[PDB]
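File shown here: final-v9.tsv, holding TSV, C-alpha atoms.
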chain	number	residue	atom	x	y	z
E	3	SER	CA	-58.41	-81.18	-47.18
E	4	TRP	CA	-59.73	-81.11	-50.74
E	5	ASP	CA	-62.85	-81.99	-52.70
E	6	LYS	CA	-62.92	-85.61	-53.87
E	7	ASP	CA	-64.71	-85.03	-57.19
E	8	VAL	CA	-62.18	-82.61	-58.70
E	9	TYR	CA	-59.35	-84.96	-57.61
E	10	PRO	CA	-60.86	-88.47	-57.75
E	11	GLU	CA	-58.85	-91.38	-56.40
E	12	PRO	CA	-59.89	-95.05	-56.27
E	13	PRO	CA	-60.10	-96.77	-52.87
E	14	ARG	CA	-56.99	-98.55	-51.64
E	15	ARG	CA	-56.68	-102.35	-51.68
E	16	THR	CA	-53.68	-103.53	-49.63
E	17	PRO	CA	-53.14	-107.30	-49.37
E	18	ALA	CA	-52.62	-109.09	-46.09
E	19	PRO	CA	-48.99	-109.40	-44.93
E	20	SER	CA	-48.65	-113.11	-44.15
E	21	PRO	CA	-45.13	-114.55	-43.70
E	22	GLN	CA	-44.20	-117.66	-45.66
E	23	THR	CA	-40.77	-118.34	-44.16
E	24	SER	CA	-39.82	-118.16	-40.48
E	25	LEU	CA	-37.28	-115.33	-40.86
E	26	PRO	CA	-38.62	-112.05	-39.42
E	27	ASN	CA	-38.49	-108.84	-41.42
E	28	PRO	CA	-37.08	-105.55	-40.05
E	29	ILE	CA	-39.79	-103.43	-41.72
E	30	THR	CA	-42.32	-104.02	-38.93
E	31	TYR	CA	-39.76	-103.22	-36.22
E	32	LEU	CA	-38.67	-100.04	-38.01
E	33	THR	CA	-42.33	-99.08	-38.52
E	34	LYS	CA	-42.89	-99.46	-34.77
E	35	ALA	CA	-39.77	-97.37	-34.09
E	36	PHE	CA	-41.05	-94.72	-36.52
E	37	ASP	CA	-44.46	-94.69	-34.82
E	38	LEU	CA	-42.84	-94.33	-31.39
E	39	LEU	CA	-39.94	-91.91	-31.87
E	40	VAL	CA	-41.10	-89.82	-34.85
E	41	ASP	CA	-44.89	-89.81	-35.23
E	42	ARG	CA	-45.74	-89.07	-31.59
E	43	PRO	CA	-43.78	-85.77	-31.16
E	44	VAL	CA	-44.93	-84.66	-34.63
E	45	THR	CA	-48.54	-85.25	-33.58
E	46	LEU	CA	-47.82	-83.45	-30.28
E	47	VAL	CA	-46.48	-80.32	-31.95
E	48	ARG	CA	-49.35	-80.54	-34.46
E	49	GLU	CA	-51.92	-80.58	-31.65
E	50	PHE	CA	-50.02	-77.63	-30.15
E	51	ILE	CA	-50.24	-75.54	-33.33
E	52	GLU	CA	-53.89	-76.46	-33.97
E	53	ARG	CA	-54.80	-75.62	-30.36
E	54	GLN	CA	-53.15	-72.23	-30.83
E	55	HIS	CA	-55.07	-71.97	-34.11
E	56	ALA	CA	-58.40	-72.62	-32.37
E	57	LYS	CA	-58.18	-69.45	-30.24
E	58	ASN	CA	-58.00	-67.01	-33.19
E	59	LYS	CA	-60.07	-68.39	-36.08
E	60	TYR	CA	-60.97	-65.76	-38.67
E	61	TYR	CA	-62.19	-66.44	-42.20
E	62	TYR	CA	-61.24	-65.41	-45.72
E	63	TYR	CA	-63.61	-65.52	-48.67
E	64	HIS	CA	-63.27	-66.52	-52.32
E	65	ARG	CA	-63.82	-63.52	-54.58
E	66	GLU	CA	-66.56	-63.85	-57.19
E	67	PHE	CA	-67.20	-61.68	-60.25
E	68	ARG	CA	-70.70	-61.23	-61.64
E	69	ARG	CA	-71.37	-61.88	-65.32
E	70	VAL	CA	-70.85	-58.82	-67.53
E	71	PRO	CA	-72.00	-58.25	-71.13
E	72	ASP	CA	-69.37	-59.76	-73.40
E	73	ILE	CA	-67.48	-58.41	-76.42
E	74	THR	CA	-70.37	-59.14	-78.81
E	75	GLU	CA	-72.61	-56.38	-77.38
E	76	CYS	CA	-69.89	-53.69	-77.42
E	77	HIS	CA	-70.20	-50.63	-79.64
E	78	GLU	CA	-67.03	-50.25	-81.69
E	79	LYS	CA	-64.40	-47.76	-80.46
E	80	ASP	CA	-66.29	-47.27	-77.17
E	81	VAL	CA	-63.74	-48.39	-74.58
E	82	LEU	CA	-65.99	-48.01	-71.52
E	83	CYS	CA	-67.65	-51.42	-71.96
E	84	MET	CA	-65.22	-53.44	-74.06
E	85	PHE	CA	-62.82	-52.76	-71.18
E	86	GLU	CA	-65.14	-54.78	-68.93
E	87	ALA	CA	-65.65	-57.39	-71.66
E	88	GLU	CA	-61.88	-57.80	-72.05
E	89	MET	CA	-61.52	-57.96	-68.26
E	90	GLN	CA	-64.00	-60.85	-68.08
E	91	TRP	CA	-62.35	-62.52	-71.09
E	92	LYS	CA	-58.91	-62.43	-69.44
E	93	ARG	CA	-60.33	-63.86	-66.21
E	94	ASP	CA	-61.99	-66.69	-68.16
E	95	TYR	CA	-58.68	-67.23	-70.00
E	96	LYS	CA	-56.89	-67.78	-66.68
E	97	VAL	CA	-59.71	-70.06	-65.48
E	98	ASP	CA	-59.55	-72.19	-68.65
E	99	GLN	CA	-55.75	-72.45	-68.38
E	100	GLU	CA	-56.11	-73.74	-64.82
E	101	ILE	CA	-58.81	-76.18	-65.98
E	102	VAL	CA	-56.43	-77.71	-68.52
E	103	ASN	CA	-53.80	-77.77	-65.75
E	104	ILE	CA	-56.08	-79.73	-63.40
E	105	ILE	CA	-56.95	-82.19	-66.19
E	106	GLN	CA	-53.21	-82.71	-66.77
E	107	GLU	CA	-52.83	-83.33	-63.02
E	108	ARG	CA	-55.60	-85.95	-63.20
E	109	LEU	CA	-53.94	-87.70	-66.15
E	110	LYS	CA	-50.52	-87.77	-64.46
E	111	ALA	CA	-51.99	-89.10	-61.21
E	112	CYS	CA	-53.88	-91.85	-63.06
E	113	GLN	CA	-50.81	-92.90	-65.05
E	114	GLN	CA	-48.62	-93.07	-61.95
E	115	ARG	CA	-51.13	-94.84	-59.70
E	116	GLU	CA	-52.19	-97.47	-62.26
E	117	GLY	CA	-48.74	-99.09	-62.25
E	118	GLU	CA	-47.43	-100.99	-65.28
E	119	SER	CA	-50.88	-101.49	-66.87
E	120	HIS	CA	-51.81	-97.80	-67.09
E	121	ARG	CA	-52.41	-97.97	-70.86
E	122	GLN	CA	-55.81	-99.65	-70.35
E	123	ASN	CA	-57.20	-98.29	-67.07
E	124	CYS	CA	-56.61	-94.59	-67.87
E	125	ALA	CA	-58.64	-94.50	-71.09
E	126	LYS	CA	-61.25	-92.17	-69.55
E	127	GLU	CA	-58.61	-89.68	-68.41
E	128	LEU	CA	-57.00	-89.76	-71.87
E	129	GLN	CA	-60.36	-89.10	-73.55
E	130	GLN	CA	-61.10	-86.21	-71.17
E	131	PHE	CA	-57.62	-84.75	-71.71
E	132	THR	CA	-57.93	-85.03	-75.50
E	133	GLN	CA	-61.35	-83.35	-75.44
E	134	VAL	CA	-60.14	-80.50	-73.21
E	135	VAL	CA	-56.99	-80.06	-75.33
E	136	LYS	CA	-59.06	-79.82	-78.51
E	137	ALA	CA	-61.37	-77.35	-76.74
E	138	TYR	CA	-58.43	-75.18	-75.66
E	139	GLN	CA	-56.86	-75.36	-79.13
E	140	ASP	CA	-60.12	-74.24	-80.73
E	141	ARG	CA	-60.72	-71.54	-78.12
E	142	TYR	CA	-57.33	-69.87	-77.58
E	143	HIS	CA	-54.55	-71.19	-79.84
E	144	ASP	CA	-52.66	-69.08	-82.42
E	145	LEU	CA	-53.89	-65.80	-80.90
E	146	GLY	CA	-50.37	-64.37	-80.54
E	147	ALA	CA	-48.57	-62.69	-77.66
E	148	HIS	CA	-50.78	-59.59	-78.12
E	149	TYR	CA	-54.04	-61.52	-77.70
E	150	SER	CA	-57.32	-59.69	-77.20
E	151	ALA	CA	-61.02	-60.52	-77.20
E	152	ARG	CA	-61.39	-58.98	-80.66
E	153	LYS	CA	-58.79	-61.38	-82.09
E	154	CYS	CA	-60.44	-64.35	-80.35
E	155	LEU	CA	-63.84	-63.30	-81.71
E	156	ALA	CA	-62.39	-62.92	-85.22
E	157	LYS	CA	-60.80	-66.38	-84.99
E	158	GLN	CA	-64.13	-67.82	-83.79
E	159	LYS	CA	-65.86	-66.07	-86.71
E	160	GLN	CA	-63.38	-67.51	-89.21
E	161	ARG	CA	-63.83	-70.99	-87.73
E	162	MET	CA	-67.62	-70.60	-87.97
E	163	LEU	CA	-67.42	-69.57	-91.64
E	164	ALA	CA	-65.10	-72.52	-92.30
E	165	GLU	CA	-67.57	-74.91	-90.63
E	166	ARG	CA	-70.53	-73.40	-92.51
E	167	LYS	CA	-68.62	-73.68	-95.80
E	168	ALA	CA	-67.80	-77.32	-95.02
E	169	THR	CA	-71.48	-77.94	-94.25
E	170	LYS	CA	-72.69	-76.23	-97.44
E	171	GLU	CA	-70.11	-77.93	-99.68
E	172	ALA	CA	-71.05	-81.33	-98.20
E	173	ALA	CA	-74.82	-80.91	-97.82
A	1	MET	CA	-55.27	-18.79	-87.74
A	2	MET	CA	-57.32	-17.09	-85.03
A	3	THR	CA	-56.43	-13.74	-86.64
A	4	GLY	CA	-60.02	-13.22	-87.79
A	5	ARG	CA	-61.10	-13.36	-84.15
A	6	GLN	CA	-58.29	-10.87	-83.57
A	7	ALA	CA	-59.44	-8.82	-86.58
A	8	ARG	CA	-62.04	-6.33	-85.34
A	9	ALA	CA	-60.37	-5.44	-82.02
A	10	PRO	CA	-56.55	-5.56	-82.01
A	11	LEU	CA	-53.61	-5.40	-79.56
A	12	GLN	CA	-55.73	-6.66	-76.66
A	13	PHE	CA	-53.91	-8.97	-74.26
A	14	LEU	CA	-57.09	-9.94	-72.37
A	15	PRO	CA	-60.39	-8.98	-74.06
A	16	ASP	CA	-63.76	-8.66	-72.33
A	17	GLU	CA	-64.60	-12.34	-72.86
A	18	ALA	CA	-61.40	-13.34	-71.03
A	19	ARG	CA	-62.81	-12.02	-67.74
A	20	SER	CA	-65.66	-14.56	-67.86
A	21	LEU	CA	-63.23	-17.50	-67.64
A	22	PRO	CA	-61.95	-19.00	-64.38
A	23	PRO	CA	-58.49	-17.55	-63.72
A	24	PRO	CA	-55.63	-19.93	-62.91
A	25	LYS	CA	-55.13	-20.59	-59.22
A	26	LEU	CA	-51.89	-19.59	-57.51
A	27	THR	CA	-51.26	-23.27	-56.69
A	28	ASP	CA	-51.18	-24.19	-60.39
A	29	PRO	CA	-48.20	-26.49	-61.15
A	30	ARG	CA	-47.26	-24.39	-64.20
A	31	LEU	CA	-46.95	-21.28	-62.01
A	32	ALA	CA	-44.75	-23.24	-59.59
A	33	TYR	CA	-42.57	-24.38	-62.50
A	34	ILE	CA	-42.18	-20.80	-63.74
A	35	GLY	CA	-41.28	-19.72	-60.20
A	36	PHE	CA	-38.65	-22.47	-60.19
A	37	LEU	CA	-37.39	-21.06	-63.51
A	38	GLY	CA	-37.02	-17.65	-61.88
A	39	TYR	CA	-35.21	-19.18	-58.90
A	40	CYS	CA	-32.82	-20.96	-61.28
A	41	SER	CA	-32.24	-17.65	-63.10
A	42	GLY	CA	-31.34	-16.01	-59.79
A	43	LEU	CA	-28.96	-18.89	-59.06
A	44	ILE	CA	-27.35	-18.36	-62.47
A	45	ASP	CA	-26.77	-14.68	-61.64
A	46	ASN	CA	-25.24	-15.72	-58.33
A	47	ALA	CA	-23.00	-18.15	-60.24
A	48	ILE	CA	-21.77	-16.20	-63.27
A	49	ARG	CA	-20.71	-13.03	-61.40
A	50	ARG	CA	-18.51	-15.00	-58.94
A	51	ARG	CA	-20.80	-14.64	-55.92
A	52	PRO	CA	-21.98	-17.19	-53.35
A	53	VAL	CA	-24.78	-19.12	-54.99
A	54	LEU	CA	-27.32	-19.66	-52.20
A	55	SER	CA	-27.06	-16.60	-49.94
A	56	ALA	CA	-25.90	-13.59	-51.96
A	57	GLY	CA	-28.60	-11.17	-53.08
A	58	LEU	CA	-31.90	-12.42	-51.72
A	59	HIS	CA	-33.54	-9.27	-53.10
A	60	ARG	CA	-32.42	-10.24	-56.61
A	61	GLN	CA	-33.81	-13.77	-56.24
A	62	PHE	CA	-37.12	-12.46	-54.88
A	63	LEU	CA	-37.36	-9.95	-57.74
A	64	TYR	CA	-36.66	-12.71	-60.28
A	65	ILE	CA	-39.27	-15.01	-58.72
A	66	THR	CA	-41.89	-12.25	-58.60
A	67	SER	CA	-41.30	-11.10	-62.19
A	68	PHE	CA	-41.33	-14.67	-63.54
A	69	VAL	CA	-44.54	-15.47	-61.63
A	70	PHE	CA	-46.20	-12.26	-62.87
A	71	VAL	CA	-45.43	-12.80	-66.56
A	72	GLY	CA	-46.22	-16.52	-66.26
A	73	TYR	CA	-49.63	-15.82	-64.73
A	74	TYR	CA	-50.53	-13.37	-67.49
A	75	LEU	CA	-49.24	-15.68	-70.24
A	76	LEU	CA	-51.21	-18.60	-68.79
A	77	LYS	CA	-54.33	-16.41	-68.70
A	78	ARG	CA	-53.83	-15.59	-72.39
A	79	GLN	CA	-53.18	-19.28	-73.15
A	80	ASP	CA	-56.35	-20.60	-71.53
A	81	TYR	CA	-58.36	-17.73	-73.05
A	82	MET	CA	-57.12	-18.69	-76.52
A	83	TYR	CA	-57.82	-22.38	-75.96
A	84	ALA	CA	-61.34	-21.58	-74.74
A	85	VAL	CA	-61.83	-19.44	-77.86
A	86	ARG	CA	-60.63	-22.39	-79.98
A	87	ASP	CA	-63.11	-24.80	-78.37
A	88	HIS	CA	-65.97	-22.29	-78.54
A	89	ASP	CA	-65.43	-21.62	-82.25
A	90	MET	CA	-65.19	-25.41	-82.64
A	91	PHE	CA	-68.59	-26.02	-81.07
A	92	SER	CA	-70.17	-23.02	-82.84
A	93	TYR	CA	-69.11	-24.33	-86.25
A	94	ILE	CA	-70.21	-27.86	-85.35
A	95	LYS	CA	-73.67	-26.55	-84.43
A	96	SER	CA	-73.68	-24.38	-87.56
A	97	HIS	CA	-72.95	-27.05	-90.22
A	98	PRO	CA	-74.65	-30.42	-89.65
A	99	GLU	CA	-74.99	-31.27	-93.36
A	100	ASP	CA	-71.22	-31.62	-93.87
A	101	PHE	CA	-70.70	-33.68	-90.68
A	102	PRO	CA	-73.28	-36.44	-90.23
A	103	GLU	CA	-73.82	-38.95	-87.44
A	104	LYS	CA	-72.32	-42.43	-87.14
A	105	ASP	CA	-74.15	-45.56	-85.98
A	106	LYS	CA	-71.62	-47.46	-83.88
A	107	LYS	CA	-72.12	-51.11	-84.80
A	108	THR	CA	-71.71	-53.95	-82.32
A	109	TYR	CA	-69.05	-56.65	-82.61
A	110	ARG	CA	-71.59	-59.42	-83.25
A	111	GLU	CA	-71.85	-58.49	-86.95
A	112	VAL	CA	-68.83	-56.40	-88.02
A	113	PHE	CA	-66.42	-58.56	-90.01
A	114	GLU	CA	-62.79	-58.79	-88.93
A	115	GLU	CA	-59.94	-60.80	-90.46
A	116	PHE	CA	-57.92	-62.90	-88.01
A	117	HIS	CA	-54.26	-63.48	-88.86
A	118	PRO	CA	-52.70	-66.39	-86.95
A	119	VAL	CA	-49.31	-65.97	-85.29
A	120	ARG	CA	-47.27	-69.17	-85.48

Here is the file; what I need is its structure written in the form of structure tokens.
Amino acid sequence: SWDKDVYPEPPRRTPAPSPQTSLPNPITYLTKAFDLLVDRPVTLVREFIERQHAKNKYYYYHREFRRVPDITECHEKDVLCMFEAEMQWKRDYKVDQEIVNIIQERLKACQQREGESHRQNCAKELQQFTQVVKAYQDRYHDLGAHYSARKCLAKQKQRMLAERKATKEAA
Amino acid sequence: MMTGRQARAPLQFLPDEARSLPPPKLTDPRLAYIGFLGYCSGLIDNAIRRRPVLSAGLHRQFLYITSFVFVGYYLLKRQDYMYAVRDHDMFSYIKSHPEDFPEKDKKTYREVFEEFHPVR
């Protein structure tokens, strides 16, 4: 299964199938044939594999990394701690990339499932995607193929001086 | 440039300070490489005089290996003695003159300015 908050889906509303004409439809008969011939042996082999699973049930754990002092508290040209800071920065880079990926998944799922009127009912997903795209563009864009935490910190510094200059020139 | 150290007492291969250093072990990779050099030299003698290369003259190959290992061990002893002398003179002069070599305060990255050049 999966968590329902990280992948939210609205509840399903399926209308009642009520025939108007007297001609029968083959969809119900083929659905019954599918439930008889196909679904039952699939469920049988599934109960077989899950019963064999139940005998040997061992666990695996999600690895977690504790918070380390970042690149700001690193003495210059002392590799023994900026190595750890860069390690944490690369892990957070991968995590943020996957966060933008899951937001893109949410937007695509909303646009597909909302039918022909998706331009109005997926406003929230579009706002969230735009906010996360602006966040990623401020955080990681234009770093280059040789990116490092020093370059990201220098870009953040330049952005902060630009914002402070814009504040001072429009105070 | 170590000639001053070899100024008072000359033509000494291993001086009295060289005995206070740890000698190289017989399992040193450099000694094994020099032994391989001697084995290759014995193979070259078996080759150039039109002899079988891998069986003829085992006494010659053993003599070559032993001589190469002997001179390699003594040359490695002289090498590590000279490098220890270099580092000891280094540390003696760096204790002796602190006015001409001061200390550095390694700043953190939260205040040192860096210029970011975008790649696009």

Considering only C-alpha atoms, extract the chain A residues located within 12 Å of chain E and return them as a PyMOL selection string.
chain A and resi 104-120

Padded axis-aligned box of segment 62-67 of chain A (3 Å per side), centre and edge lengths, Å, one decimal, as AutoDock Vina command-line options:
--center_x -39.3 --center_y -12.5 --center_z -58.5 --size_x 11.2 --size_y 11.1 --size_z 13.3

Suppose you want the space between atom CA of residue 150 of chain E and atom CA of residue 100 of chain E; what is it in Å?
18.8 Å

Write out as a PyMOL selection string the residues lying within 12 Å of residue 57 of chain A, counting all atoms listed in the file and excluding same-chain residues fewer than 5 positions away.
chain A and resi 39+42-47+49+51-52+62-64

How would you write as a PDB file with C-alpha atoms, keeping the file's coordinate frame the residues that get within 12 Å of (-37.6, -21.8, -63.7) in the file's frame, counting only C-alpha atoms?
ATOM      1  CA  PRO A  29     -48.200 -26.490 -61.150  1.00  0.00           C
ATOM      2  CA  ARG A  30     -47.260 -24.390 -64.200  1.00  0.00           C
ATOM      3  CA  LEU A  31     -46.950 -21.280 -62.010  1.00  0.00           C
ATOM      4  CA  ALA A  32     -44.750 -23.240 -59.590  1.00  0.00           C
ATOM      5  CA  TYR A  33     -42.570 -24.380 -62.500  1.00  0.00           C
ATOM      6  CA  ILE A  34     -42.180 -20.800 -63.740  1.00  0.00           C
ATOM      7  CA  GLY A  35     -41.280 -19.720 -60.200  1.00  0.00           C
ATOM      8  CA  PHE A  36     -38.650 -22.470 -60.190  1.00  0.00           C
ATOM      9  CA  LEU A  37     -37.390 -21.060 -63.510  1.00  0.00           C
ATOM     10  CA  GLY A  38     -37.020 -17.650 -61.880  1.00  0.00           C
ATOM     11  CA  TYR A  39     -35.210 -19.180 -58.900  1.00  0.00           C
ATOM     12  CA  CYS A  40     -32.820 -20.960 -61.280  1.00  0.00           C
ATOM     13  CA  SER A  41     -32.240 -17.650 -63.100  1.00  0.00           C
ATOM     14  CA  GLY A  42     -31.340 -16.010 -59.790  1.00  0.00           C
ATOM     15  CA  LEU A  43     -28.960 -18.890 -59.060  1.00  0.00           C
ATOM     16  CA  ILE A  44     -27.350 -18.360 -62.470  1.00  0.00           C
ATOM     17  CA  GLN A  61     -33.810 -13.770 -56.240  1.00  0.00           C
ATOM     18  CA  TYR A  64     -36.660 -12.710 -60.280  1.00  0.00           C
ATOM     19  CA  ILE A  65     -39.270 -15.010 -58.720  1.00  0.00           C
ATOM     20  CA  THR A  66     -41.890 -12.250 -58.600  1.00  0.00           C
ATOM     21  CA  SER A  67     -41.300 -11.100 -62.190  1.00  0.00           C
ATOM     22  CA  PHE A  68     -41.330 -14.670 -63.540  1.00  0.00           C
ATOM     23  CA  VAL A  69     -44.540 -15.470 -61.630  1.00  0.00           C
ATOM     24  CA  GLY A  72     -46.220 -16.520 -66.260  1.00  0.00           C
TER      25      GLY A  72
END

Pick from A:60, A:80, A:21, A:89 nearest to residue 4 of chain A, counting all atoms listed in the file
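Nearest to residue 4 of chain A: A:89.
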
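Taking atom CA of residue 135 of chain E and atom CA of residue 90 of chain E as the two end points, the separation is 21.7 Å.
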
Figure out the distance between atom CA of residue 12 of chain E and atom CA of residue 117 of chain E, please, to one decimal in Å.
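Computed distance, atom CA of residue 117 of chain E to atom CA of residue 12 of chain E, equals 13.3 Å.
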
Closest of E:47, E:151, E:39, E:56 to residue 86 of chain E - atom-to-atom distances counting only C-alpha atoms:
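Closest to residue 86 of chain E, using only C-alpha atoms: E:151.
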
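Residue neighbourhood of residue 95 of chain E, excluding near-sequence residues (fewer than 4 positions): residues 89, 90, 91, 99, 100, 101, 138, 141 and 142 of chain E, at 10 Å, using only C-alpha atoms.
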
Because some atoms of segment 91-107 of chain A are absent here, can you restore N, CA, C and O atoms and send them as a PDB file, keeping the file's coordinate frame?
ATOM      1  N   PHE A  91     -67.218 -25.594 -81.320  1.00  0.00           N
ATOM      2  CA  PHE A  91     -68.590 -26.020 -81.070  1.00  0.00           C
ATOM      3  C   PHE A  91     -69.592 -25.160 -81.830  1.00  0.00           C
ATOM      4  O   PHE A  91     -70.636 -25.668 -82.248  1.00  0.00           O
ATOM      5  N   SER A  92     -69.286 -23.875 -82.040  1.00  0.00           N
ATOM      6  CA  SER A  92     -70.170 -23.020 -82.840  1.00  0.00           C
ATOM      7  C   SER A  92     -70.237 -23.496 -84.282  1.00  0.00           C
ATOM      8  O   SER A  92     -71.327 -23.575 -84.863  1.00  0.00           O
ATOM      9  N   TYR A  93     -69.089 -23.833 -84.879  1.00  0.00           N
ATOM     10  CA  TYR A  93     -69.110 -24.330 -86.250  1.00  0.00           C
ATOM     11  C   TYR A  93     -69.733 -25.715 -86.341  1.00  0.00           C
ATOM     12  O   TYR A  93     -70.325 -26.056 -87.369  1.00  0.00           O
ATOM     13  N   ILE A  94     -69.613 -26.527 -85.289  1.00  0.00           N
ATOM     14  CA  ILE A  94     -70.210 -27.860 -85.350  1.00  0.00           C
ATOM     15  C   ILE A  94     -71.716 -27.837 -85.065  1.00  0.00           C
ATOM     16  O   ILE A  94     -72.421 -28.768 -85.472  1.00  0.00           O
ATOM     17  N   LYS A  95     -72.233 -26.806 -84.384  1.00  0.00           N
ATOM     18  CA  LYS A  95     -73.670 -26.550 -84.430  1.00  0.00           C
ATOM     19  C   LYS A  95     -74.099 -25.980 -85.778  1.00  0.00           C
ATOM     20  O   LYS A  95     -75.197 -26.279 -86.262  1.00  0.00           O
ATOM     21  N   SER A  96     -73.252 -25.153 -86.395  1.00  0.00           N
ATOM     22  CA  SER A  96     -73.680 -24.380 -87.560  1.00  0.00           C
ATOM     23  C   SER A  96     -73.810 -25.226 -88.822  1.00  0.00           C
ATOM     24  O   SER A  96     -74.658 -24.927 -89.670  1.00  0.00           O
ATOM     25  N   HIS A  97     -72.996 -26.269 -88.977  1.00  0.00           N
ATOM     26  CA  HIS A  97     -72.950 -27.050 -90.220  1.00  0.00           C
ATOM     27  C   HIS A  97     -73.157 -28.528 -89.924  1.00  0.00           C
ATOM     28  O   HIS A  97     -72.185 -29.285 -89.801  1.00  0.00           O
ATOM     29  N   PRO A  98     -74.410 -28.983 -89.806  1.00  0.00           N
ATOM     30  CA  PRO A  98     -74.650 -30.420 -89.650  1.00  0.00           C
ATOM     31  C   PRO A  98     -74.733 -31.201 -90.955  1.00  0.00           C
ATOM     32  O   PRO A  98     -74.678 -32.434 -90.925  1.00  0.00           O
ATOM     33  N   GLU A  99     -74.872 -30.526 -92.104  1.00  0.00           N
ATOM     34  CA  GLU A  99     -74.990 -31.270 -93.360  1.00  0.00           C
ATOM     35  C   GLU A  99     -73.650 -31.867 -93.775  1.00  0.00           C
ATOM     36  O   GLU A  99     -73.603 -32.946 -94.374  1.00  0.00           O
ATOM     37  N   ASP A 100     -72.554 -31.178 -93.471  1.00  0.00           N
ATOM     38  CA  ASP A 100     -71.220 -31.620 -93.870  1.00  0.00           C
ATOM     39  C   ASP A 100     -70.553 -32.497 -92.818  1.00  0.00           C
ATOM     40  O   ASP A 100     -69.403 -32.902 -93.014  1.00  0.00           O
ATOM     41  N   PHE A 101     -71.236 -32.795 -91.714  1.00  0.00           N
ATOM     42  CA  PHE A 101     -70.700 -33.680 -90.680  1.00  0.00           C
ATOM     43  C   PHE A 101     -71.854 -34.479 -90.108  1.00  0.00           C
ATOM     44  O   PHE A 101     -72.520 -34.046 -89.158  1.00  0.00           O
ATOM     45  N   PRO A 102     -72.119 -35.658 -90.654  1.00  0.00           N
ATOM     46  CA  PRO A 102     -73.280 -36.440 -90.230  1.00  0.00           C
ATOM     47  C   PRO A 102     -72.966 -37.272 -88.992  1.00  0.00           C
ATOM     48  O   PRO A 102     -71.886 -37.194 -88.411  1.00  0.00           O
ATOM     49  N   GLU A 103     -73.945 -38.076 -88.592  1.00  0.00           N
ATOM     50  CA  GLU A 103     -73.820 -38.950 -87.440  1.00  0.00           C
ATOM     51  C   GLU A 103     -73.360 -40.342 -87.871  1.00  0.00           C
ATOM     52  O   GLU A 103     -73.504 -40.741 -89.029  1.00  0.00           O
ATOM     53  N   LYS A 104     -72.803 -41.080 -86.915  1.00  0.00           N
ATOM     54  CA  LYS A 104     -72.320 -42.430 -87.140  1.00  0.00           C
ATOM     55  C   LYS A 104     -73.038 -43.395 -86.211  1.00  0.00           C
ATOM     56  O   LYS A 104     -73.154 -43.132 -85.010  1.00  0.00           O
ATOM     57  N   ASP A 105     -73.520 -44.504 -86.766  1.00  0.00           N
ATOM     58  CA  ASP A 105     -74.150 -45.560 -85.980  1.00  0.00           C
ATOM     59  C   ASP A 105     -73.090 -46.582 -85.610  1.00  0.00           C
ATOM     60  O   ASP A 105     -72.641 -47.361 -86.458  1.00  0.00           O
ATOM     61  N   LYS A 106     -72.682 -46.578 -84.344  1.00  0.00           N
ATOM     62  CA  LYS A 106     -71.620 -47.460 -83.880  1.00  0.00           C
ATOM     63  C   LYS A 106     -72.134 -48.891 -83.807  1.00  0.00           C
ATOM     64  O   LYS A 106     -72.939 -49.229 -82.933  1.00  0.00           O
ATOM     65  N   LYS A 107     -71.672 -49.731 -84.729  1.00  0.00           N
ATOM     66  CA  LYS A 107     -72.120 -51.110 -84.800  1.00  0.00           C
ATOM     67  C   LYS A 107     -71.515 -51.937 -83.663  1.00  0.00           C
ATOM     68  O   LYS A 107     -70.456 -51.615 -83.116  1.00  0.00           O
TER      69      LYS A 107
END
